S.K.: 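Structure below; questions to follow.
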Amino acid sequence: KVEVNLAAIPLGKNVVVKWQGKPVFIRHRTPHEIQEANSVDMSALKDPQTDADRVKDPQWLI
Amino acid sequence: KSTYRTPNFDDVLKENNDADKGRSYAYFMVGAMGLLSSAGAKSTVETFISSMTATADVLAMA
Amino acid sequence: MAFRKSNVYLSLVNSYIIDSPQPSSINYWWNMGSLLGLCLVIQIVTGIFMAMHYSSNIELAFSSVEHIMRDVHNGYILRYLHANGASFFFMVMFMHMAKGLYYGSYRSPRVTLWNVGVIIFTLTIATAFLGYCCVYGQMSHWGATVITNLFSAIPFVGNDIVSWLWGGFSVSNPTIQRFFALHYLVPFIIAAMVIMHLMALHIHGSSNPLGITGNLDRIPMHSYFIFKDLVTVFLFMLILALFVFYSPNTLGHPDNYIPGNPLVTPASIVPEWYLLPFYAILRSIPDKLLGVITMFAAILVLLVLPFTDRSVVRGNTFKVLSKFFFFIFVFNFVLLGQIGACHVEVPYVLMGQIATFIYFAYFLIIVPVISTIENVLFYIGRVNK
Amino acid sequence: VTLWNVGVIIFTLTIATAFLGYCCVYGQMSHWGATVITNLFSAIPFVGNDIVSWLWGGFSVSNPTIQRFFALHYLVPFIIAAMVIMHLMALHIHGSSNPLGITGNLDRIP
Amino acid sequence: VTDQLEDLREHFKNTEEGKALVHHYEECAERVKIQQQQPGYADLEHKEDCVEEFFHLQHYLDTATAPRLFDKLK
Amino acid sequence: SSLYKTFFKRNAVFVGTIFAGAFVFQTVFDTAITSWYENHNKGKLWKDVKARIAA
Amino acid sequence: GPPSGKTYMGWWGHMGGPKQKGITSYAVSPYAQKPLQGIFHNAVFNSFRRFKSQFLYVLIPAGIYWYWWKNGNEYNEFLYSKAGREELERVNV
Amino acid sequence: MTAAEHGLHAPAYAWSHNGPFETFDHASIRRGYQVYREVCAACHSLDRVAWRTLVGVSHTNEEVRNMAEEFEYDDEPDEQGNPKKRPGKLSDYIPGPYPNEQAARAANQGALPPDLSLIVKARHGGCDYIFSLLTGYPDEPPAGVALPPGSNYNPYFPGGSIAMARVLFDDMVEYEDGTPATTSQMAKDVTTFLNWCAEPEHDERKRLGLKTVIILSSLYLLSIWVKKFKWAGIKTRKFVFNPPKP
Ligand code: HEC
Ligand code: HEC
Ligand code: HEC
Ligand code: HEC
Ligand SMILES: COc1c(O)c(C)c(C/C=C(\C)CC/C=C(\C)CC/C=C(/C)CC/C=C(\C)CC/C=C(\C)CCC=C(C)C)c(O)c1OC
Ligand SMILES: CCCCCCCCCCCO[C@@H]1O[C@H](CO)[C@@H](O[C@H]2O[C@H](CO)[C@@H](O)[C@H](O)[C@H]2O)[C@H](O)[C@H]1O
Ligand SMILES: CCCCCCCC1=C(O)C(=O)c2scnc2C1=O
Ligand SMILES: CCCCCCCC1=C(O)C(=O)c2scnc2C1=O
């Protein structure tokens with residue numbers, strides 16, 4: 001069980017942490033990135049998912 | 001053709017003025033090959049065996 | 001009779017190495033087999049001596065290899081010999097295989113001989129790979145990760161076989177330790193397989209460059225071929241020596257001098273040169289399952305050749321169309337290798353896809369079509385009615 | 001006779017194998033056994049103590065010793081296997097003997 | 001003393017070939033700063049750089065200085 | 001070549017003479033090589049550097 | 001021993017070939033032959049012949065593959081330079 | 001792939017150790033060690049190198065002993081169990097500036113200065129690359145390059161953005177042998193010393209190679225001659241056919 005301090009992560013930066021020997025990605029997304037993510041049609045994805053189905057808070061991709 | 005009439009070998013035969021010419025060369029060749037081979041075998045064997053001797057990192061003088 | 005004939009043990013040696021009747025006309029292409037035995041010995045010997053100083057634990061593996069490099073007397077000679085030897089093992093194997101392809105060595109009555117050889121090739125690939133993982137460098141870790149994941153492609157149980165193979169959540173300490181145990185085991189299975197290869201070879205004997213019978217003019221293995229084998233054995237050693245002492249790392253990857261890291265995969269991954277053609281084939285199929293199936297098929301397709309070769313004569317010596325296409329196949333293979341070393345970028349992806357097509361088409365379309373056409377040409381060029 | 005002599009070689013190889021395996025546990029008995037058996041070679045005049053420091057790979061039974069013993073314990077069993085094949089080859093030329101000590105050629109069964 | 005590499009680089013930046021190369025790079029740098037001062041540079045997704053032109057220069061320099069730099073060092 | 005017939009006389013060289021020669025060769029050759037090698041790299045070796053040092 | 005399966009190769013004295021008759025071979029001891037040095041003047045212009053008949057079967061397929069490789073490479077270089085960033089967006093995705 | 005991503009190709013400098021018959025220059029190794037101690041050691045460890053390996057290579061037995069003793073290592077606990085320190089001995093390994101990975105990143109904006117023990121073998125380009133990287137920092141990045149805060153530009157490094165600033169400047173080291181410590185002279189030195197760290201067997205390996213190649217070459221030539229002799233009877237063999245009457 002790993003704890004990451006989000007308050008420490010900058011704006012448009014990528015942070016990587018270890019959890020069960022597997023790498024965990026965490027990106028603090030910019031407002032533009034959040035739009036790019038939620039403005040894509042399902043027909044363009046081989047594995048259909050809305051950005052909403054994947055992130056709880058649009059600011060944090062985990 | 002008659003089997004008693006031996007075909008031409010002139011192009012191959014050495015004009016025998018020195019009978020033991022080819023013998024001396026062949027025997028020298030084989031001999032040098034044996035010499036260098038034995039030296040190599042000795043060096044190879046020694047290389048493997050000495051790899052079992054004390055390593056550089058364990059010869060500490062307490 | 002002579003003692004070498006009557007003794008239970010010596011007669012085996014006599015029949016295989018001394019009195020064995022060989023076709024008088026075989027050329028230097030027939031010297032690769034002995035060279036392959038030599039390679040097998042060099043790999044086993046240098047491997048056992050290094051095993052004396054090696055630790056399989058994931059926390060010590062990399063450093064123990066450095067220990068072999070820096071502290072063990074003549075240690076670097078052992079490692080560079082073992083490492084460069086693996087490469088030379090494949091260079092010689094490809095030539096052994098190509099020689100068989102060109103002369104129709106795979107044809108009846110040597111089918112069993114050819115099939116056992118395919119099994120050996122597979123076992124050798126598996127062996128070298130496991131050895132590669134023992135260094136536990138950056139390439140090692142990701143290779144161990146990719147190859148073991150290859151099994152997840154199997155429907156239903158696939159991901160299970162994988163966690164099983166790993167012995168945990170990911171490539172870790174149970175993985176590398178079982179890989180070392182396995183790397184030591186497999187070479188002895190290859191040895192046993194090499195004996196079966198030789199048994200199958202002994203019943204009908206070697207073929208020859210003319211592709212016809214050798215029964216009318218044979219000469220003893222002893223003297224003639226023992227001394228001819230010596231010529232290539234020394235040449236083989238000279239060249240290996242040049243790499244071992246003068247350019248030991250040219251056939252390796254710099255990323256393997258960096259300890260494995262579970263969280264970071266190198267920006268540029270280029271597998272072992274002898275796996276590149278297969279890596280390119282894998283990469284050319286935009287589907288996971290189909291990708292691995294086609295790669296494995298690139299090896300198994302070798303089994304098809306005895307049936308698709310429709311010719312009535314053995315070998316390409318007297319065949320214009322077959323010789324030409326034989327070389328298209330050879331250079332296509334090299335191309336596949338070159339594509340494998342490049343990035344997945346525009347001109348390369350399509351080139352990779354076409355080369356893959358050509359590779360399989362050689363066995364399934366070109367050979368059967370061409371051999372049939374050549375059969376007919378041979379006929380109508382002499383029959384007067 | 002050949003059948004019997006190959007068997008003696010196998011017996012020796014088996015003793016050597018079990019002993020090396022015994023040393024891999026590295027318990028109290030292991031360490032002293034590794035010490036005693038390797039010292040057995042110091043009995044050889046002149047070079048004897050050298051063969052020993054060589055076998056140990058150092059000043060005493062240590063990390064170079066146990067690691068080479070493991071490598072060796074893995075190797076030898078495959079040599080026994082090859083020796084077992086030669087044993088069987090020698091057995092096949094004349095066949096098994098029987099409790100009566102005489103010929104079996106007049107009445108054999110598959 | 002003055003650094004042997006910088007000495008050789010300077011000497012080569014002043015040849016007919018080197019001047020031609022600094023010029024092409026210069027013409028790029030110029031064209032770039034003009035694009036930055038204009039409105040909307042921040043949002044353009046087509047911002048040009050002169051790395052390519054810089055690399056050509058550096059390459060020429062490397063080609064000329066590499067076989068000579070060590071004859072001057074100890 | 002009569003030079004051969006003086007030492008071995010129409011017979012090949014025997015193992016013993018081969019082994020004996022091999023031991024001689026191993027020493028002579030190694031000295032010849034180490035010599036040529038060190039001379040070729042004169043000025044670069046530690047031997048050479050140790051002389052230019054005084055402590 | 002147990003009966004053995006029929007093969008296409010025998011051993012000295014029963015190799016399996018057809019009955020030979022009429023053919024007569026001749027040979028001279030290697031000991032009586034000119035020491036290895038005559039493999040020139042008489043055996044030099046004759047050599048290299050067994051490659052003047054073959055090089056085409058090797059050269060053409062090689063040539064074909066070399067040009068194909070060089071073409072695709074030079075195209076790649078262009079695509080990733082400045083001049084080709086426009087065509088790159090066209091052929092890429 | 002764009003040139004900026006691959007990185008500028010390092011050119012070929014004429015290293016005195018390039019060539020089948022060439023040894024390292026031990027004077028250069030010696031100087032390089034000083035540059036490492038006075039500049040690099042501040043952020044880079046050299047974990048795989050043991051003090052003893054310096055003896056007879058770049059320093060005397062005495063010199064290395066003095067150098068090792070300036071550092072402290074954990075000794076075996078005392079008669080009562082309390083931990084205690086101890087000066088260094090030849091058997092020890094050269095110590096690094098940081099106690100752990102986390103402290104190493106903290107002192108470098110979050111970047112991790114890699115261990116230099118194998119650096120020369122762990123990068124395509126080898127010596128040419130290390131040297132080029134060290135002496136290739138431009139005063140200003142090329143026009144248009146948006147360099148991230150805390151980063152530096154270097155064309156030889158892939159992607160151009162490196163977390164290591166230029167650290168070599170003219171005369172920042174006083175070479176004990178008198179040599180002018182220009183930035184290129186120093187880069188040339190550390191790199192040579194770093195090559196030795198990664199390939200300590202170098203000089204010896206090439207000597208053994210010369211012996212090995214001469215014997216095998218000779219053996220190869222000799223075998224050809226022997227083979228031809230042994231084959232002469234078969235090679236010159238001649239046949240004649242006389243059709244048997246019915
Ligand atoms: C701390 C202030 C440093 C000093 C002093 C030197 N180096 Fe360094 N180095 C440092 C960091 C933070 C990094 C990481 C760079 C990154 O972006 O990851 C490095 C890296 C290197 C490398 C590796 C570069 C690579 O190709 O990956 C090398 C080869 C290197 N450094 C060499 C080097 C030498 C020889 C130094 C003394 C002359 C030196 N560095 C000083 C931080 C610091
Ligand atoms: C224990 C005996 C042993 C045997 C038998 C053995 N190896 Fe290894 N091999 C090792 C060890 C130990 C290593 C790790 C040291 C090293 O990297 O060389 C290794 C490493 C390797 C590597 C990695 C080389 C590198 O880059 O460091 C390859 C490839 C390899 N073996 C191939 C082979 C092949 C092919 C064979 C046999 C046909 C073989 N090995 C047989 C022990 C063995
Ligand atoms: C995919 C095929 C294949 C592989 C791989 C293979 N062989 Fe063979 N081998 C053959 C064929 C077919 C022949 C018959 C050659 C002929 O007579 O035309 C052969 C013949 C031989 C010969 C006889 C001499 C010669 O070279 O023609 C030896 C010895 C031999 N192989 C050894 C080996 C060894 C050792 C290995 C590897 C460890 C090996 N082979 C792997 C196909 C293979
Ligand atoms: C010191 C002697 C010796 C040893 C040890 C030895 N054998 Fe035997 N073995 C013999 C003799 C002698 C025979 C012949 C028995 C007879 O026919 O009277 C024999 C016969 C056999 C037989 C035939 C059936 C039987 O039991 O009589 C087999 C199978 C066999 N041995 C297997 C092995 C294996 C497996 C090993 C050990 C790994 C082994 N032997 C070790 C002496 C030995
Ligand atoms: C019909 O045509 C033929 C033909 O039949 C043959 C046989 C050959 C000749 C070639 C061969 C016979 C090749 C054969 C090769 C093998 C049998 C290799 C078998 C392989 C092995 C790896 C053996 C296993 C070895 C070991 C278990 C021991 C090694 C380890 C040791 C000694 C450890 C020692 C430890 C310590 C502490 C000292 C031809 O050239 C040929 O051409 C026309
Ligand atoms: C794998 C380790 C390699 C070790 C070294 C390699 C083997 C070297 C063997 C060297 C010498 O072995 C030697 O060979 C020559 C043949 O050339 C033998 O000679 C014999 O045959 C020759 C040739 O017809 C006769 O002239 C001679 O009178 C006869 O004694 C000699 O009696 C033997 O003693
Ligand atoms: C016949 C089996 C062919 C093996 C193909 C796998 C090749 C292969 C990959 O696909 C890969 O992604 C990585 S990452 C590090 N090494 C490798 C590697 O060897
Ligand atoms: C055939 C070999 C017989 C082995 C005899 C050695 C027996 C033997 C000892 O003599 C000894 O002192 C010790 S201390 C721990 N283990 C042993 C042991 O096995």
Side-chain angles (χ1 to χ4, degrees), chain B residues 6-37, chain C residues 22-32 34-35 208-210 217-239 317, chain F residues 1-5 10 12-13, chain G residues 25-55 58, chain H residues 213-240:
Chain B
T6 298
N8 183 257
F9 280 110
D10 290 344
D11 56 303
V12 186
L13 287 174
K14 63 186 175 189
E15 197 157 64
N16 271 281
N17 290 266
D18 187 340
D20 305 315
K21 236 296 175 58
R23 173 190 299 248
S24 297
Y25 271 142
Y27 289 6
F28 174 70
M29 297 296 127
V30 177
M33 196 168 82
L35 188 302
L36 295 167
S37 287
Chain C
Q22 303 303 322
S24 66
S25 62
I26 53 170
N27 61 39
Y28 278 97
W29 285 107
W30 271 257
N31 289 30
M32 305 300 106
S34 51
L35 240 42
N208 64 259
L210 300 193
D217 189 52
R218 0 253 319 190
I219 56 185
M221 176 83 89
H222 181 44
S223 216
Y224 300 109
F225 299 100
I226 286 293
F227 281 92
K228 196 176 175 183
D229 273 344
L230 225 51
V231 170
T232 45
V233 162
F234 283 136
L235 179 51
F236 171 85
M237 278 174 179
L238 211 210
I239 309 188
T317 311
Chain F
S1 183
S2 293
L3 178 63
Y4 182 83
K5 295 178 65 178
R10 86 151 67 235
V13 191
Chain G
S25 58
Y26 297 83
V28 161
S29 170
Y31 281 97
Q33 292 176 49
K34 206 138 51 187
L36 312 170
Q37 66 169 243
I39 308 179
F40 268 134
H41 193 107
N42 290 78
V44 57
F45 62 105
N46 180 104
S47 186
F48 275 97
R49 156 69 73 74
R50 199 56 81 151
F51 216 83
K52 182 186 174 184
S53 309
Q54 299 298 134
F55 89 115
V58 184
Chain H
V213 168
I214 285 175
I215 291 163
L216 286 164
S217 281
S218 298
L219 250 8
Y220 172 56
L221 293 171
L222 253 37
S223 71
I224 288 172
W225 202 110
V226 169
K227 181 270 183 180
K228 284 177 170 297
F229 175 80
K230 296 204 169 297
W231 271 77
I234 291 303
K235 287 268 176 181
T236 63
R237 178 174 57 154
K238 305 196 176 184
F239 297 77
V240 298

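Here is the naming used below: chain letters follow the sequence lines, and residue numbers restart at 1 for every chain.
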S.K.: In Å and rounded to the nearest 0.5 Å, what is the OG to CG distance from B:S37 to C:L230?
M.R.: 7.0 Å

S.K.: With a 4.5 Å heavy-atom cut-off, do B:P7 and H:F239 have their side chains touching?
M.R.: no

S.K.: Working to the nearest 0.5 Å, report the span between CE of C:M237 and OG1 of C:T232.
M.R.: 10.5 Å

S.K.: With distance as the sole test, does F:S1 use its side chain to make a donor-acceptor pair with the main-chain N or O of B:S24 at under 3.5 Å?
M.R.: no

S.K.: What's the shortest heavy-atom distance between B:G22 and H:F229, and which atoms?
M.R.: O-CE1, 4.3 Å

S.K.: If every non-hydrogen atom of B:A19 is compared with every non-hydrogen atom of B:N16, which pair is closest and at what distance?
M.R.: CA-OD1, 3.3 Å

S.K.: Quick check: closest heavy atoms across B:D11 and B:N8, and the distance to 0.1 Å?
M.R.: OD1-OD1, 3.8 Å

S.K.: Could you check whether any side-chain heavy atom of C:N31 comes within less than 4.5 Å of a side-chain heavy atom of C:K228, counting everything from C-beta outward?
M.R.: yes

S.K.: Do C:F234 and H:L221 touch side chain to side chain, with heavy atoms closer than 4.5 Å?
M.R.: no

S.K.: Got a second to check how far B:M33's CE is from B:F28's CZ, nearest 0.5 Å?
M.R.: 13.0 Å

S.K.: Please give me the minimum heavy-atom distance between H:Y220 and C:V231, naming the atom from each residue.
M.R.: CD1-O, 3.6 Å

S.K.: Drop me the distance from C:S24's OG to H:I234's CD1, to the nearest 0.5 angstrom.
M.R.: 7.5 Å

S.K.: Yes or no on side-chain contact (heavy atoms from CB on, under 4.5 Å) for H:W231 and C:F227, after CA distance, side-chain angles and deciding distance?
M.R.: CA-CA 9 Å; H:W231 271 77; C:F227 281 92; 5.9 Å; no

S.K.: Once rounded to the nearest 0.5 Å, what's the spacing between atom CD of G:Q54 and atom NZ of G:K52?
M.R.: 13.0 Å

S.K.: Are the side chains of G:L36 and B:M29 in touch, meaning some heavy atoms are under 4.5 Å apart?
M.R.: no

S.K.: So does F:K5 pair up with B:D18, basic N to acidic O under 4.0 Å?
M.R.: no

S.K.: List the atom of B:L36, the atom of H:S218, and the distance in Å for their closest heavy-atom pair.
M.R.: CD1-CB, 3.9 Å

S.K.: Kindly list each side-chain donor-acceptor pair under 3.5 angstrom involving residues 25-32 of chain G, sequence neighbours excluded, with atom names and distances?
M.R.:
residue: G:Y26; atom: OH; partner: B:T3; partner atom: O; Å: 2.6
residue: G:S29; atom: OG; partner: G:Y31; partner atom: N; Å: 3.0
residue: G:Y31; atom: OH; partner: B:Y27; partner atom: OH; Å: 2.7

S.K.: Taking all non-hydrogen atoms of both residues into account, name the closest pair between B:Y25 and G:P35 and its distance.
M.R.: CD1-CB, 3.6 Å

S.K.: Tell me, yes or no, whether the heavy-atom count around H:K227 atom NZ, taken from other residues, nucleotides or ligands under 6.0 Å, exceeds 12.
M.R.: yes

S.K.: Is there side-chain contact between B:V12 and H:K238, with heavy atoms separated by less than 4.5 Å?
M.R.: no

S.K.: Does the side chain of B:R23 come within less than 4.5 Å of F:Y4's, by heavy atoms?
M.R.: no

S.K.: Using side-chain heavy atoms (C-beta onward) and a distance below 4.5 Å, is B:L13 in contact with G:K34?
M.R.: no

S.K.: When rounded to the nearest 0.5 angstrom, what distance separates CD in G:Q37 from CZ in G:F40?
M.R.: 11.5 Å

S.K.: Scan the side chains in residues 43-50 of chain G for donor-acceptor partners under 3.5 Å anywhere in the protein, sequence neighbours excluded, and list what turns up.
M.R.:
none

